[PDB]
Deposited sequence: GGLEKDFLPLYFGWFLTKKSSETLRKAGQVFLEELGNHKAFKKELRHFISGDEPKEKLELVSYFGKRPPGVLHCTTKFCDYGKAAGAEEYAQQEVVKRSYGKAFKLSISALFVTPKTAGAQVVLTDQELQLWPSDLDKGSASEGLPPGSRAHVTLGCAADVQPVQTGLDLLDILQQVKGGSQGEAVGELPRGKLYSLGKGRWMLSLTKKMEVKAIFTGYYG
């Protein structure tokens, strides 16, 4: 017969790095939800002067260890899944330890996440399958921290690219606040970005999740 692939490949953060990044994620949501600049724009965030707690809003969280997905394969069902998995670099990198650089945390009405900036060696593990929005490959790279109730997986990546495209255009604007980890930017349409002063490094293992 034939070997079937994972549900997806990706970098899976270590227990330690997962707990650090998860904790920073919640603090950001707590800080953002309580920031005056965010409350001003709540009507651009939800359709519903009360306060919204974003930890609650992003109720659908990764339950185990956080991860940075590369190729979603659906056991080979997804286009290009087999071609991605058959690559040498993928087979060679399987079970290898990597360090991922987090450059920012972001929030939209649909998802909450951390932006990952991949190295050139890590970029070799990015699927070529990934409308381009004139951004370099790997721009979508991220760790999901939370999702709104009716949101489906893929949306976090889309949300990030939209944001990075807005930043690209220079329409990110002056910062609207300073948080302990960096500057907060209001991109409108319920979109928010914390640019980390110091990029956060997390340890991960590249491997396949079967579920």
- Item | Deposited positions lacking CA coordinates | 1 to 3, 52 to 54, 137 to 140
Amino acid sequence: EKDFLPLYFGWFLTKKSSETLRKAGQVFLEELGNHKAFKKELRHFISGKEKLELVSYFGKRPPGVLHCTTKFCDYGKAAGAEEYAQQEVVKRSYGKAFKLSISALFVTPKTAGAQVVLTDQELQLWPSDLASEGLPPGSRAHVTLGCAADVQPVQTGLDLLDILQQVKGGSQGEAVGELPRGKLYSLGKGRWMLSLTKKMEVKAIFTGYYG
From here on, numbers count along this sequence of modelled residues.
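Rigid core here is just the name for the largest C-alpha set that superposes within 1.5 Å across the two forms.
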- Superpose by the rigid core: which stretch, 170 to 178 or 157 to 165, shows more Cα shift in 4 other deposited structures of this protein? 170 to 178
- Note on the structure: Judged by RMS Cα deviation after a rigid core fit in 4 other deposited structures of this protein, the more variable of 90 to 98 and 75 to 83 is 75 to 83
- Message: Would you say residue 36 is commonly dropped, meaning unmodelled in a third or more of the other compared entries that have residues on each side of it?
- Response: no
- Item | Missing-residue flag, residue 130, threshold a third of other entries | yes
- Query: In the PDB record, does 132 to 140 or 100 to 108 carry the higher mean Cα temperature factor?
  - Reply: 132 to 140
- Note on the structure: Per the PDB entry, mean CA B-factor is higher for 173 to 181 or 153 to 161, namely for 173 to 181
- Per the PDB entry, which option out of 147, 32, 68, 46 has the greatest Cα B factor? 46
- Task: Have a look at 23, 15, 198, 203 and flag the one whose Cα has the highest B-factor in the entry.
- Result: 198
